[PDB]
Colleague: 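Sharing a structure below in structure tokens format, with a few things to ask.
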Amino acid sequence: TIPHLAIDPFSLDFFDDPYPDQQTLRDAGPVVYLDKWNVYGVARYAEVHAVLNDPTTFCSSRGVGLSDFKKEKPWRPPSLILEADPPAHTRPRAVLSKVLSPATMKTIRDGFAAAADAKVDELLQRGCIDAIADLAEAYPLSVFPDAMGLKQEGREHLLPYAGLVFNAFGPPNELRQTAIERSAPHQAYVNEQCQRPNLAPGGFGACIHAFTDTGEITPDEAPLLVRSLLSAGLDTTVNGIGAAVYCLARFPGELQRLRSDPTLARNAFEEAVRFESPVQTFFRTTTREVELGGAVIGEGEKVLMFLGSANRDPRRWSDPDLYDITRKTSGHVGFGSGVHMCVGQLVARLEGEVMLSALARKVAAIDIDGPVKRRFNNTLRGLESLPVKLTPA
Ligand code: HEM
Ligand SMILES: COc1ccc(C(N)=O)cc1
Ligand SMILES: COc1ccc(C(N)=O)cc1
Ligand SMILES: COc1ccc(C(N)=O)cc1
Ligand SMILES: [Cl-]
């Protein structure tokens with residue numbers, strides 16, 4: 001039998017303090033039912049991990065938002081990659097995997113690192129900064145659109161476009177309906193930038209389009225794949241980096257360990273992703289009767305996965321509520337898991353690593369001094385403002 005809960009995981013109150021409610025989602029049972037949205041959810045590591053890794057039973061092509069694409073109209077033309085199942089998922093996934101490969105990362109690494117080092121130097125001259133606007137936002141804006149091959153004009157649409165995209169996975173609450181209603185200028189900007197002539201040579205965009213020349217993808221598929229990176233590639237990392245800086249500020253001891261060993265940079269970042277989980281929730285839809293958490297769920301049912309909760313499940317993590325930069329982070333579901341596991345994870349880890357490496361080397365202390373402000377999103381967790389004083393090494 002399946003416990004009914006009145007928790008609204010897409011409400012402002014939940015966003016503002018999700019942890020007691022997430023403990024309840026986990027502790028009530030391995031499978032729950034949410035009265036407010038009439039859907040099943042699993043919040044424990046074991047179930048979330050199991051669902052991610054059985055795409056046959058828990059498919060994505062019926063949407064990874066609440067909306068069931070088999071019965072409803074998608075808010076936009078579906079992603080070729082995020083919202084598709086094997087075998088169809090395979091080819092577009094292969095393309096983005098090549099474009100965002102370890103080898104590609106070697107070619108851009110030095111530029112990313114110098115940008116990060118320069119960015120921290122610049123902030124140190126001011127002292128009083130906003131770790132969101134001046135760092136978590138500024139840094140990825142300075143490297144990712146260039147690495148994409150994007151024109152300078154119209155970049156201000158990138159953040160709110162991703163905000164839109166992630167709200168749209170949500171239920172039809174105010175956050176979602178207001179996003180979609182204000183969407184047209186963002187979409188129109190994005191659609192211009194997805195076209196072959198507008199993407200600089202040597203960038204992610206052009207590289208994607210090159211796959212049309214070999215017959216690997218069509219001229220129609222090409223722009224939709226660029227759309228994927230512009231949908232998913234920025235706001236996530238912004239929140240990842242913001243999360244890392246927030247953790248180092250709240251856990252001063254962990255910052256000092258990072259200064260003592262800056263090679264901990266990449267793992268400090270991974271641990272921030274586990275701890276805050278910029279992407280909080282995704283859905284799947286059952287393709288058959290299936291037993292999950294000891295309950296039988298019927299075919300065609302949406303299932304809500306609490307990734308951020310799974311990453312804090314005491315059944316899997318010791319002292320889950322502590323930021324520990326030497327934790328074995330392997331296994332966390334912040335980037336998902338299985339066939340859909342984040343295809344841009346190397347890009348994100350590169351941005352986060354080089355940026356925490358710069359902080360590790362150049363900063364002695366990070367102190368919160370001012371009102372902290374949260375940004376609300378149906379899917380993304382992160383801060384709108386984080387005033388900090390940086391003290392130079
Ligand atoms: C901290 C940063 C990031 C986080 C937390 C994150 C999170 C995730 C998660 C949880 C998934 C799984 C989706 C699912 O299972 O349905 C995913 C997939 C994906 N991510 Fe990321 N991501 C990040 C950075 C990036 C970057 C930098 C890019 C592109 C440059 C990117 C592009 C994608 C794409 C295209 C997919 C779809 C993969 C597929 O369906 O095969 N993400 N991401
Ligand atoms: C699958 O193709 C489409 C195309 C457009 C839309 C839309 N604009 O909502 C939804 C689905
Ligand atoms: C246009 O296609 C896509 C693909 C992936 C994503 C994402 N992970 O948010 C968003 C949009
Ligand atoms: C997470 O979603 C968003 C939305 C808008 C902005 C912004 N306007 O800077 C930043 C992030
Ligand atoms: Cl769009």
Side-chain angles (χ1 to χ4, degrees), residues 48 51-53 55 58-61 63-65 69 72-86 89-90 92-97 99-100 104 132-133 136-137 140-141 144 147-148 156-167 169 175 179-180 183 186-187 204 224-244 269-270 272-274 276-284 305 307-308 311 332-352 374-385:
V48 165
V51 164
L52 290 172
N53 287 279
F58 302 97
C59 80
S60 293
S61 62
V64 298
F69 288 178
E72 306 176 46
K73 183 174 175 185
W75 79 276
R76 68 171 181 178
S79 169
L80 297 189
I81 180 169
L82 183 75
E83 289 155 342
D85 301 319
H89 168 256
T90 316
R93 173 73 188 208
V95 174
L96 291 187
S97 177
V99 175
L100 301 168
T104 301
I132 302 310
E137 287 184 353
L141 279 172
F144 178 75
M148 284 288 314
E156 71 275 4
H157 288 279
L158 293 166
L159 290 166
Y161 175 74
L164 161 71
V165 161
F166 281 89
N167 274 327
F169 298 130
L175 279 167
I180 289 180
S183 68
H186 301 315
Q187 292 176 289
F204 296 153
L224 289 170
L225 289 177
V226 178
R227 202 193 62 176
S228 284
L229 302 184
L230 298 183
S231 293
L234 188 72
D235 281 24
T236 50
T237 66
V238 167
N239 287 322
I241 293 175
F269 178 70
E270 202 79 9
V273 169
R274 174 199 74 85
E276 282 305 331
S277 300
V279 176
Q280 287 277 300
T281 47
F282 266 121
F283 294 76
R284 292 306 193 248
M305 296 171 294
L307 305 176
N311 277 335
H332 78 85
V333 297
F335 292 109
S337 173
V339 305
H340 285 280
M341 192 186 185
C342 178
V343 74
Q345 51 181 296
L346 301 183
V347 176
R349 295 191 176 121
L350 199 221
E351 289 182 27
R374 175 162 308 276
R375 191 169 292 121
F376 301 124
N377 191 272
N378 281 332
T379 296
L380 291 170
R381 182 173 182 75
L383 297 182
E384 189 215 280
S385 181

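Order of listing sets the numbers, starting from 1, for every ligand and every atom in it. We number each residue from 1, following the sequence as shown.
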Colleague: Evaluate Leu307 against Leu52 for side chain to side chain contact (heavy atoms under 4.5 Å, CB included), listing each step before the verdict.
Modeller: CA-CA 10 Å; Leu307 305 176; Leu52 290 172; 4.3 Å; yes
Colleague: Kindly determine whether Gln280 and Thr379 satisfy side chain to side chain contact (heavy atoms under 4.5 Å, CB included), including the steps that lead there.
Modeller: CA-CA 6 Å; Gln280 287 277 300; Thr379 296; 5.7 Å; no
Colleague: Considering only protein heavy atoms, which is closest to atom 16 (O) of ligand 1, and at what distance to one decimal place?
Modeller: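 Protein heavy atom at minimum distance: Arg284 NH1, 2.9 Å.
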Colleague: Show me which atoms of ligand 2 lie under 4.0 Å from any heavy atom of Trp75.
Modeller: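 Ligand 2 atoms under the 4.0 Å threshold to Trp75: 9 (O).
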Colleague: Looking only at protein heavy atoms, which one is nearest to atom 40 (O) of ligand 1, and what is the separation?
Modeller: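 That would be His340 ND1, 2.6 Å.
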Colleague: Go through the steps for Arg76 and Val165 under the test side chain to side chain contact (heavy atoms under 4.5 Å, CB included), then give the verdict.
Modeller: CA-CA 9 Å; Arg76 68 171 181 178; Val165 161; 3.8 Å; yes
Colleague: The test is side chain to side chain contact (heavy atoms under 4.5 Å, CB included); show your working for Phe166 and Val279 and say whether it passes.
Modeller: CA-CA 9 Å; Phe166 281 89; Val279 176; 4.0 Å; yes
Colleague: Ignoring hydrogens and geometry beyond distance, is a side-chain donor-acceptor pair present between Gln187 and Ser183 at under 3.5 Å?
Modeller: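 There is such a pair between these side chains.
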Colleague: Is there side-chain contact between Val343 and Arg93, with at least one heavy-atom pair below 4.5 Å?
Modeller: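 Yes - at least one pair of side-chain heavy atoms lies under 4.5 Å apart.
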Colleague: Please indicate whether any nitrogen or oxygen in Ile81 is less than 3.5 Å from any nitrogen or oxygen in ligand 1.
Modeller: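 Looking only at distances, the answer is yes, because the N/O contact criterion of under 3.5 Å is met.
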Colleague: Considering only N or O atoms, set out every pair between ligand 4 and the protein closer than 3.5 Å, with distances to one decimal place.
Modeller:
{"residue": "ligand 4", "atom": "2 (O)", "partner": "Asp235", "partner atom": "OD2", "Å": "3.0"}

Colleague: Taking atom 21 (Fe) of ligand 1 as the centre, count the protein N/O/S atoms lying under 2.8 Å from it.
Modeller: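 For atom 21 (Fe) of ligand 1, the figure is 1.
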Colleague: Under the rule for ring pair (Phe, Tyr, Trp, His ring centres under 6.0 Å), what residues qualify as partners of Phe282, not counting sequence neighbours?
Modeller: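 Listed in chain order: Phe169.
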Colleague: For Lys73, which part has a heavy atom under 4.0 Å from ligand 2: side chain, backbone, both, or neither?
Modeller: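 Under 4.0 Å from ligand 2, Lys73 contributes side-chain atoms alone.
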Colleague: Does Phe376 have any ring pair (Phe, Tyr, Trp, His ring centres under 6.0 Å) partners at least two apart in sequence or in another chain, and if so, which?
Modeller: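 Scan of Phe376 (ring pair (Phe, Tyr, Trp, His ring centres under 6.0 Å), adjacent residues dropped) gives none.
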Colleague: Give the residue, atom name and distance (to 0.1 Å) of the protein heavy atom nearest atom 30 (C) of ligand 1.
Modeller: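 Among all protein heavy atoms, the one nearest atom 30 (C) of ligand 1 is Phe144 CE1, 3.6 Å.
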Colleague: Starting from atom 5 (C) of ligand 1, which protein heavy atom do you reach first, and at what distance in Å?
Modeller: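 The closest one turns out to be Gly334 O, 3.5 Å.
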Colleague: Once you restrict to heavy atoms under 4.0 Å, what part of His89 touches ligand 1? Side chain, backbone, both or neither.
Modeller: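 Contact part for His89 vs ligand 1: side chain (C-beta onward).
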